[PDB]
Amino acid sequence: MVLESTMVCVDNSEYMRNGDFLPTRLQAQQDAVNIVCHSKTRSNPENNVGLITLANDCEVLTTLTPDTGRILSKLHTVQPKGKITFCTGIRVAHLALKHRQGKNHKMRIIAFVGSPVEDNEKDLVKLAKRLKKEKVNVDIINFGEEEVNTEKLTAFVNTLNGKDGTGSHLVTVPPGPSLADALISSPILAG
Amino acid sequence: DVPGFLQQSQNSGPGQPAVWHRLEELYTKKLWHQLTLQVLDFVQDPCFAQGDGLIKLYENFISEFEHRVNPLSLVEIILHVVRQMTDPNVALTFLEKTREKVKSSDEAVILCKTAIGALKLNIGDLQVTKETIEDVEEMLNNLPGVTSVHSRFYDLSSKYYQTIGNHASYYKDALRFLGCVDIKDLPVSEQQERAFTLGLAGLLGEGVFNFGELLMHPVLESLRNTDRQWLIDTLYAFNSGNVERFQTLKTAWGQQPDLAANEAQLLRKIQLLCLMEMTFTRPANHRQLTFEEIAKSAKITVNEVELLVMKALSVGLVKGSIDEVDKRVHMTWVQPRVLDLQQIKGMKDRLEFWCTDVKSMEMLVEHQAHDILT
Amino acid sequence: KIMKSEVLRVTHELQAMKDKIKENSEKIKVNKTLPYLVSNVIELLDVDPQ
Amino acid sequence: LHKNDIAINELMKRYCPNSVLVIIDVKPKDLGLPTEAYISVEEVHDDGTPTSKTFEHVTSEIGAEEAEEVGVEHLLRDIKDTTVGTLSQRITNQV
């Protein structure tokens, strides 16, 4: 089947409980993690899935393991503190990819971004140059917005996305009362 | 009430629609955090405090049933409600209503009890307010040492400093206020009185012997250059030692209120500084001394030097016991506690001398000792 | 019911305890299998001065 | 001692009880005792600085209870015991 590692980064800021969008969509994207981890489990049960947030003091909630029975429990007690942290959020997983058991598992990291990015374009091109340098599959998922959706993140992805053939895809969700599961499951990354 | 809010929201004063445009846009967008930031922007602006009585209750209810944003903003805006209304009768029901409303998610009880005690620190009650202040400092001694809540605790120690009962605690918390300052963003025009009552409070502080901790930090000596140097001069003389009595006399009679009764105790405090400086000046070369330097530096008679050294031993800063027959002054361990540069350079001299002497003895004994014994 | 949503984590911890007691409770059968001899017991209360 | 040690130690402060810290050397060229016990406790500072994690030095001793003394003594066969007298005293008094 498919031998690859899955890393998800969820936001724990207070920007995920606003009443305009879904009713505390944290549970909705939790069900998204559930359907992508159970979908990858149905495709290849040997894939390991890690859990970590993007707070100031990043904490590894669950080590990379195919056993999601305790991951379902670890998805709770999100500790809604902090706002956003991007640099050590990338470096806390992309550098931790070397701690996986199976060396044949490809590198794939996703992230749920629910807060505006605090890093300037220089950090975007330095981190995009680092991720394109080490050649890690990066899927950017941006939930919620305050300013325009993609102004510098467009060039961030275009400069970050190498290997144009069957490479990485960008997930941009527009506002809407519909669920996010079917909207993020539309690309080829899910399934 | 959302469709019913557009009427009183749109209708406002002449300049209010400037913030009511983005306020109603963020209100229709239902962004509770941006709405909260706009509320803090409206409260932070120097409003006329005339037509805000409606938005205080409206945003009070919204902040009540929103159950999303940190209710500390509600604590601040309700401090502005009780500050604008000046009604302490309903303040207990309002703050208690916030206590009943705020669930057990974040430890905000330190700021809730801080606001309650702060409002109760008026002439109505003092003792129970001091007890609940001790409860505030007693509750949370955990890792969140942001010290901002503890800086408001320093404000409560200032309202407690309004009482002449205890001056020592305001200095102990005033060291924490000395160490918790981040930048000069807060108005310097207030820092004039902050350093004024901070210097006078440090002088009147009877729970400390040396003043070098206050003057040692550069933020105070850098924030006192604008003010008149009549206090910096007497703080440098009180720190570095009072060899004369004319300057300390003119500044001892310069501050008229509350300094007459405390003047004698301040003399009993500064009479030990010449002792610690006269015993830490000469580290070696006949440390033994006589009472002539004490009586000459303190312009006191020979009959009172026994009570002077008896008080010096009663304070506990010195352990000196003199086995003399004819009057002599032998001293022991003492702490400078402020600074000594000639003792830093002399520390390097005597330290390097000790090091090269130990090295000389090691090479001397080990030289032939290693060759004959190994 | 937002305050009662933390009970799920407690139930997950308790069912995790029931999932982890099977090993240390399973060694009871192999450690307490068979007492090979018989020994008489005489009760005598002692005092140490938990 | 790097700055990140407060975050590394903070995990075992949350999940585990108060953790002691030991700084050693990668090269055994230091003549001093390689082990230094640093307790992870927060102390109040007089200058007014905010309360932070402080590493106070706790004294340490290197001893073996029953077997490691025998194993070390057999593996070395070069070190000497206490041996009060001339050599063990004069070596300390020289070096």
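Placed above this text is the structure.
A brief look at the structure comes next. (Residues numbered from 1 in each chain as written, not as in the entry; some residues may be left out. Chains lettered and ligands numbered in written order. Part of a larger assembly, values for the part shown. Heavy atoms only, no water.)

1. Overview of the overall build of chain C
Here's step 1: Looking only at helices and strands, chain C features 2 helices and 0 strands.
Here's step 2: Its C-alpha radius of gyration of 21 Å places chain C more than 25% over the 10 Å reference for a compact globule of 50 residues.
Here's step 3: Taking the principal axes of the C-alpha coordinates as reference, chain C spans close to 60 × 35 × 15 Å.
Here's step 4: Taken across its 50 residues, chain C has 2% of its residues classed as buried.
Here's step 5: Accessible surface, chain C as shown: approximately 5,500 Å² in total, 61% of it carbon and sulfur.
Here's step 6: Between the centroid of the 9 positive side chains of chain C and the centroid of its 8 negative side chains there is a distance of 12 Å. (Helix = DSSP H or I, 4+ residues; strand = E, 2+ residues; numbered from the N terminus. Rg over C-alpha atoms; globule rule 2.2 N^0.38 Å. Buried < 20%, exposed > 50% of the residue type's maximum accessible area, 1.4 Å probe, protein only. Areas by Shrake-Rupley, 256 points an atom, 1.4 Å probe, with all protein chains shown as cover. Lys, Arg positive; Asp, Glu negative; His and termini not counted. Charge placed at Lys NZ, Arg CZ, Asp CG, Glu CD.)

2. With respect to a nonpolar patch on the surface
Here's step 1: A surface patch of nonpolar side chains, amounting to about 540 Å² of accessible area, comprises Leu339(B), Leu341(B), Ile344(B), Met347(B) and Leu351(B).
Here's step 2: Summarising the element assignment, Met347(B) is placed in helix α20 (residues 342-372). (Patch = residues over 30% accessible without salt bridge, like charges linked within 9 Å, V, L, I, M, F, W, Y side chains within 5 Å. Salt bridge = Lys/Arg side-chain N within 4 Å of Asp/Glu carboxyl O.)

3. With respect to the environment of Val38(C)
Residue and element names in this part refer to chain C.
Here's step 1: Checked against the element boundaries, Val-38 lands in the segment after α2 (27-31).
Here's step 2: We classify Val-38 as exposed; its relative accessible area is 82%.
Here's step 3: The spacing of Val-38 and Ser-25 is 13 residues in sequence and 25 Å in space, taken between C-alpha atoms.

4. Regarding the interface of chain B and chain D
Here's step 1: Across the boundary between the two partners, chain B contributes 17 residues, which contact 13 residues of chain D.
Here's step 2: Counting each side, the surface lost to burial between chain B and chain D is near 1,200 Å², with a carbon and sulfur contribution of 40%.
Here's step 3: Its largest share of buried area at the contact with chain D, chain B owes to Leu143(B), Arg176(B) and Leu373(B), together 37% of the area lost on that side.
Here's step 4: The interface formed by chain B and chain D holds 1 salt bridge in total.
Here's step 5: Residue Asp46(D) is joined to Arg337(B) by a salt bridge in which the shortest nitrogen-to-oxygen separation is 2.9 Å.
Here's step 6: Inspection of the chain B/chain D interface yields 4 residue pairs in polar contact.
Here's step 7: Within the residue set of the side of chain B that touches chain D, elements represented by two or more residues are α10 (168-179) and α20 of chain B.
Here's step 8: Examining the composition of the side of chain B that touches chain D, we find that 4 residues originate from one element, α10(B), more than from any other.
Here's step 9: Split by residue class, the side of chain B that touches chain D holds 6 nonpolar, 7 polar and 4 charged. (Contact = heavy atoms within 4.5 Å. Buried area = accessible area lost by both parts, 1.4 Å probe. Polar contact = N/O pair within 3.5 Å; in protein donor to acceptor, adjacent residues only side chain to side chain. Nonpolar A, V, L, I, M, F, W, Y, C, P; charged D, E, K, R; others polar.)

5. Some points on the arrangement of the chains
Here's step 1: Ranking the 5 pairs of chains in contact by number of contacts places chains B and D first.
Here's step 2: Separated in space, chain C and chain D share no contact, their closest pair of C-alpha atoms being 15 Å apart.

6. Concerning helix α16 (residues 260-270) of chain B
Here's step 1: Among the residues of α16(B), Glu263(B), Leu266(B), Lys269(B) and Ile270(B) are the ones counted as buried. Down the axis of α16(B), the sector holding all buried residues measures 120°, keeping them to one side. (Arc of directions from axis to C-beta.)

7. Focus: the environment of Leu178(B)
Here's step 1: Relative to the helices and strands, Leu178(B) resides in helix α10.
Here's step 2: Look at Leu178(B) and you get buried, because its relative accessible area is 5%.
Here's step 3: Through-space distance from the C-alpha of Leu178(B) to that of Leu54(B) is 40 Å; in sequence the pair is 124 residues apart.
Here's step 4: Setting aside residues no more than four positions away along its own chain, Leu178(B) makes contact with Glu213(B), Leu214(B), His217(B), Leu220(B) and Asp47(D).

All quantities given are derived from atomic positions and should not be read as evidence of function.
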